[PDB]
Amino acid sequence: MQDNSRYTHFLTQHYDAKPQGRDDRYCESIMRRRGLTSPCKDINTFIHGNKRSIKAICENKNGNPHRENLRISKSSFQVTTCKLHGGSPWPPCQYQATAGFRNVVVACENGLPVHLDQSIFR
């Protein structure tokens, strides 16, 4: 299958297979590692677990159509939302971690997730 730049970016921005701790320091480190700190991204959620379950959101296997050309997963995922605190847009970026467990909303292209809808984690 063709490479998809937006799928690759989705993984960088929104996937962490096997996370350490899922506390504030986890968020502060991973947001730096994934290139999300210049400027500090205000909110960002990572999905955990295997990738095949996330990809399957794009199919009937693990998703349903949602709103205007989004998809909502049938399964629930372990997730961690990183929320910026402090009032400055610029590093150092301090984050509060909120771990969760629920279904997720994505957009897909050619069977691959290319966007995470952050609204459900705000």
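Residues numbered from 1 in each chain as written, not as in the entry; some residues may be left out. Heavy atoms only, no water.

## Some points on the UniProt feature "active site" in the protein
UniProt feature "active site": in the numbering of this structure it lies at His14 and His115. Spanning 102 residues, the annotated positions come together in the fold, the maximum distance between their C-alpha atoms being 8.8 Å. Checked against the element boundaries, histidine 14 lands in helix α1 (residues 5–14). Excluding anything up to four places from it in sequence, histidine 14 contacts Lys41, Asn44, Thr45, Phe46, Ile47, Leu116 and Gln118. The topology assignment puts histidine 115 in strand β7 (residues 112–116). Given the relative accessible area of 37%, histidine 115 is considered partly exposed. If we ignore the near neighbours within four places in the chain, the residues touching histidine 115 are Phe10, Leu70, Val105, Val106 and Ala107. (UniProt positions renumbered as here; feature names shortened; annotations may be inferred. Helix = DSSP H or I, 4+ residues; strand = E, 2+ residues; numbered from the N terminus. Contact = heavy atoms within 4.5 Å. Buried < 20%, exposed > 50% of the residue type's maximum accessible area, 1.4 Å probe, protein only.)

## Observations concerning the sheet that holds β7
The antiparallel open sheet is built from 4 strands, whose spatial order is β2-β3-β6-β7. Edge positions in the open sheet fall to β2 (63–66) and β7, since each of these has one partner strand only. Sheet twist, expressed as the average angle between the axes of neighbouring strands with direction ignored, equals 45°. Of the strand pairs in this sheet, strand β6 (residues 105–109) and β7 are connected by 4 bridges, and their pairing is antiparallel. Counterpart to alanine 107 in the pairing with β7 is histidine 115. (Pairing = 2+ DSSP bridges. Axes fitted to C-alpha atoms, helices over the stretch in contact; angles between N-to-C directions.)

## Re the environment of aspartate 3
Looking at the secondary structure, you find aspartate 3 in the segment before α1. Note on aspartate 3: relative accessible area 79%, which makes it exposed.

## Focus on the state of the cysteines
Considering all chains together, one arrives at 3 disulfides under this definition. Regarding the disulfides, the protein carries the connectivity 1-4, 2-5, 3-6 under sequence-order numbering of its bonded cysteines. (Disulfide = S-S within 2.5 Å.)

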